[PDB]
Amino acid sequence: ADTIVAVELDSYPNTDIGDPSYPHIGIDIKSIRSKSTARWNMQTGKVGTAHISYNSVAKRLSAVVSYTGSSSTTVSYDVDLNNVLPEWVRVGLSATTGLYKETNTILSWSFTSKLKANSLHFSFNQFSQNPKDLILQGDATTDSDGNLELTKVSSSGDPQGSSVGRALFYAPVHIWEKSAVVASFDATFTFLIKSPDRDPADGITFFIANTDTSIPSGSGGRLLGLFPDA
Amino acid sequence: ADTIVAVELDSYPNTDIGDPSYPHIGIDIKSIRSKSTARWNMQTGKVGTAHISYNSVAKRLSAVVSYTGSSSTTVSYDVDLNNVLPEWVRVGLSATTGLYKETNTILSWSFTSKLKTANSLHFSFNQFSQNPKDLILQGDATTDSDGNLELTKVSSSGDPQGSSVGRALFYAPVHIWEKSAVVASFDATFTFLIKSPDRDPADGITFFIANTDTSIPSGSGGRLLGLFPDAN
Ligand SMILES: [Ca+2]
Ligand SMILES: [Ca+2]
Ligand SMILES: [Ca+2]
Ligand SMILES: [Mn+2]
Ligand SMILES: [Mn+2]
Ligand SMILES: [Mn+2]
Ligand SMILES: [Mn+2]
Ligand SMILES: [Mn+2]
Ligand SMILES: [Mn+2]
Ligand SMILES: [Mn+2]
């Protein structure tokens, strides 16, 4: 079973598995049952931005999601990630649609990791047709507009249900080493969630996992393509 | 047949294949016979620093090698790398030894690529782990307990060995160009320590850019720096 650390943008309330009764963003530490969550005032059809950051001294994983012209949503959790994650990891984005759907379009994504100092940084303001520097899993694809469509969309751009997909950066990341003075990382991605459904689903996540991580079987829908069970 | 673009720190003069008659640094475009070279006043036993840069507007690949408290060595060559390299590549470092030898120790390596279609990739190693999962080690290349990358074999006692070849490629491919892109550039730097028991150290170290699936060619040892199958 993979080891997962993620920040979820949960658009669909799955109260039968721990979610609060409303769209929310949360911090998941080895389980879909977020250790911390904050109400997320979604704005489908509007481009949002998510920023995630962490450093080994403060030991506080934080995330902020926002849209232009509106107050943001933030969430944090005190945790020693070096204790949870292996020294080497791959970082990525995931998304899923189930009975209900939504577009899980990524317009841009950047990540920076520093180990005190060695470093890894990448930035995509648009994605290439054949992103050789990305590992596409499931239905994840990049469209003609240079955007990353984590889940299946029609020619018109209309979302489809029962879809799952993720994109991991090709190169493993060394997030920690013995005696390391300080290790830190931060990620940012812009997204566009659209949907005809009264209640869109299921969400998008930025996650960090073991380097050989793959879509767990039965991880569709509410499990955001990250966990095998609830 | 890989496509190679490299900046060579040629410590051994092989005049039989076009090398000038003195240690030198050079810019190689699909051939070991440098398109441009400059005399390299080596400081064996001293830590050196090499800097390589290029951008699609200026179209001038330049490299500078220096040591603390000494005059630097520079070499340049005008060339549109878009007419040579494929759109996706892997970057790396190579080194070899032949009858004569030398340590080809890399103490640090950084690289930055920018593509304004601006997308970018950047990595830096101030030390290397024993199990560098973000590096593709080829040939004899290995990282040591000191955290340094030994491109070519060195005895457990630190003494270099001849007839060795090794390379280290960064794991993720690099997108250096795309049609209609506005501008693209890359920057690379690495520090190295070349030590030798031989009056004439050989054969050299290089920073190269090649097709993503690049591998050490057969017969690329010694004077071929682990980059080419022949000296054509
Ligand atoms: Ca949910
Ligand atoms: Ca030579
Ligand atoms: Ca192209
Ligand atoms: Mn949730
Ligand atoms: Mn930040
Ligand atoms: Mn850096
Ligand atoms: Mn690209
Ligand atoms: Mn030469
Ligand atoms: Mn950048
Ligand atoms: Mn490392």
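Residues numbered from 1 in each chain as written, not as in the entry; some residues may be left out. Chains lettered and ligands numbered in written order. Heavy atoms only, no water. Residues with missing side-chain atoms left out of burial classes, pairs and counts.

Counting its regular elements, chain B contains zero helices and 16 strands. Computed over C-alpha atoms, the radius of gyration of chain B comes to 16 Å, within 12% of the 17 Å expected from 2.2 N^0.38 for 232 residues, which places it in the range of a compact globule. Considered along the principal axes of its C-alpha atoms, chain B spans approximately 50 × 40 × 40 Å. (Helix = DSSP H or I, 4+ residues; strand = E, 2+ residues; numbered from the N terminus. Rg over C-alpha atoms; globule rule 2.2 N^0.38 Å.)

Residues and elements named next belong to chain B. Here the UniProt-annotated "binding site: a carbohydrate" positions come out as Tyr12, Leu99, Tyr100 and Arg223. By the element assignment, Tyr12 lies in the loop between β1 (4-10) and β2 (24-29). Once residues within four sequence positions are removed from consideration, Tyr12 is found in contact with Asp19, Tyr100, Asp200, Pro201, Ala202 and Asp203. Note on placement: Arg223 falls in the segment after β16 (204-211). Judged by its relative accessible area of 38%, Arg223 falls in the partly exposed class. (UniProt positions renumbered as here; feature names shortened; annotations may be inferred. Contact = heavy atoms within 4.5 Å. Buried < 20%, exposed > 50% of the residue type's maximum accessible area, 1.4 Å probe, protein only.)

We now examine the nonpolar core. Counting 98 residues, the largest nonpolar core has A:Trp109, A:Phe189, A:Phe191, B:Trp109, B:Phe190, B:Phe192 and B:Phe207 as the members making the most contacts within it. Listed in part, the twelve residues of the second largest apolar core include B:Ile32, B:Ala210, B:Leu225 and B:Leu227. (Core = buried A, V, L, I, M, F, W, Y, C linked by side-chain atoms within 4.5 Å.)

Residues and elements named next belong to chain B. Within this numbering scheme, the UniProt entry marks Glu8, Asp10, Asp19, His24 and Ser34 as carrying the feature "binding site: Mn(2+)". In sequence the annotated residues extend across 27 residues, while in space they remain close, none of their C-alpha pairs exceeding 11.3 Å. Looking at the element boundaries, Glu8 is found in strand β1. Dropping the residues within four chain positions of it, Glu8 is found in contact with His24, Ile25, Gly26, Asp28, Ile32, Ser34, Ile205, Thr206 and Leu225. Setting aside residues no more than four positions away along its own chain, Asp19 makes contact with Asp10, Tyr12, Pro13, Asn14 and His24.

For an interface, size is often stated in terms of accessible area lost upon the parts coming together. On the chain A side, the residues contacting the 24 residues of chain B number 23 residues. Broken down by secondary-structure element, the contributors of at least two residues to the side of chain B that touches chain A are β7 (88-96) and β9 (119-125) of chain B. It is β9(B) that provides the largest number of residues to the side of chain B that touches chain A, a total of seven residues. Across the side of chain B that touches chain A, the residue classes break down as ten nonpolar, ten polar and four charged. Pairing analysis gives five bridges linking strand β9 (residues 118-124) of chain A to β9(B), with the strands arranged antiparallel. Residue pairing across strands places A:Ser119 opposite B:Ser124, the latter belonging to β9(B). (Nonpolar A, V, L, I, M, F, W, Y, C, P; charged D, E, K, R; others polar. Pairing = 2+ DSSP bridges.)

Our focus in this paragraph is the coordination of the manganese ion (ligand 6). Protein-derived ligands of the manganese ion (ligand 6) are A:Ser119 (OG) and B:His122 (NE2), with the metal-ligand distances lying across 2.3 to 2.5 Å. Taken together, the residues span two chains, with A:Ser119 in strand β9 and B:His122 in strand β9. With relative accessibility at 16%, the residue A:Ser119 sits in the buried group. Here B:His122 falls in the partly exposed class, since its relative accessible area comes to 24%. (Donors = N, O, S within 2.8 Å, 3.2 Å for Na, K, Ca; no water.)

On to the side chain of A:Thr142, then. By secondary structure assignment, the location of A:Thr142 is in strand β11 (residues 141-142). In this structure, A:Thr142 is in contact with A:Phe127, A:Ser128, A:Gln129, A:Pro131, A:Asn147, A:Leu148 and A:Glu149, ignoring residues within four places of it in sequence.

Enumeration according to the criterion identifies nine salt bridges over all chains in this entry. Residue A:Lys101 pairs with A:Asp197 through a salt bridge whose shortest N-O separation is 2.8 Å. The residues A:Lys101 and A:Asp197 share a single accessibility class, namely buried. A salt bridge links B:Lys101 to B:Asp198; the nearest nitrogen and oxygen atoms lie 3.4 Å apart. Since its relative accessible area comes to 18%, B:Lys101 is described here as buried. Under the relative-accessibility criterion, B:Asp198 is labelled buried at 17%. (Salt bridge = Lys/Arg side-chain N within 4 Å of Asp/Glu carboxyl O.)

The next subject is the environment of B:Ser53. Residue and element names in this part refer to chain B. Of note, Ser53 is situated in strand β4 (residues 47-55). A sequence separation of eleven residues divides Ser53 from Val64, and the C-alpha atoms of the two residues are 9.1 Å apart. Other than its neighbours up to four places away in sequence, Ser53 contacts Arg60, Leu61, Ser62, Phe186 and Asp187.

Residues and elements named next belong to chain A. As annotated by UniProt and renumbered to match this structure, "binding site: Mn(2+)" occupies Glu8, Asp10, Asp19, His24 and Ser34. Take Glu8: it is sitting in strand β1 (residues 4-10). Residues contacting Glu8, with those up to four places away along its chain left out, are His24, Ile25, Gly26, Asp28, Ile32, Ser34, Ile204, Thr205 and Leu224. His24 gets classed as buried once you look at its relative accessible area, which sits at 0%. In this structure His24 touches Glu8, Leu9, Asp10, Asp19, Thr37, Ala38, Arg39 and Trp40, once residues within four positions along its chain are discounted. Reaching out from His24, the side chain makes a polar contact with the side chain of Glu8 at a distance of 3.2 Å. (Polar contact = N/O pair within 3.5 Å; in protein donor to acceptor, adjacent residues only side chain to side chain.)

Before going further, it helps to examine the UniProt feature "binding site: Ca(2+)" in chain A. Residues and elements named next belong to chain A. Those residues carrying the UniProt feature "binding site: Ca(2+)" are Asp10, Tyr12, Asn14, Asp19 and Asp202 in this numbering. Mapped onto the secondary structure, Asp10 falls in strand β1. For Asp10, the residues in contact, after removing those within four places along its chain, are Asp19, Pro23, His24, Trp40 and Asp202. In terms of polar contacts, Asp10 uses its side chain to reach the backbone amide nitrogen of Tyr12, at 3.4 Å. In this structure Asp19 comes out as buried when scored by relative accessible area, which is 9%.

Under the defined criterion, the tally for this structure stands at 28 aromatic pairs over all chains. An angle of 65° between the planes, with centres 6.4 Å apart, marks the rings of B:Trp40 and B:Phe192 as edge-to-face. You'll find B:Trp40 and B:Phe192 in the same group, each marked buried. Among the aromatic residues, ring-to-ring pairing joins A:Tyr54, A:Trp109, A:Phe111, A:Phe122, A:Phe124, A:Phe127, A:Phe169, A:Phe185 and A:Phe206 into one connected group. A cation over a ring is seen here: A:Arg39 above A:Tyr22, with NZ or CZ 4.6 Å from the ring centre. (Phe/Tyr/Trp six-rings, centres within 6.5 Å; stacked < 30°, edge-to-face > 60°. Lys NZ or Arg CZ within 6 Å of the ring centre and 35° of its normal.)

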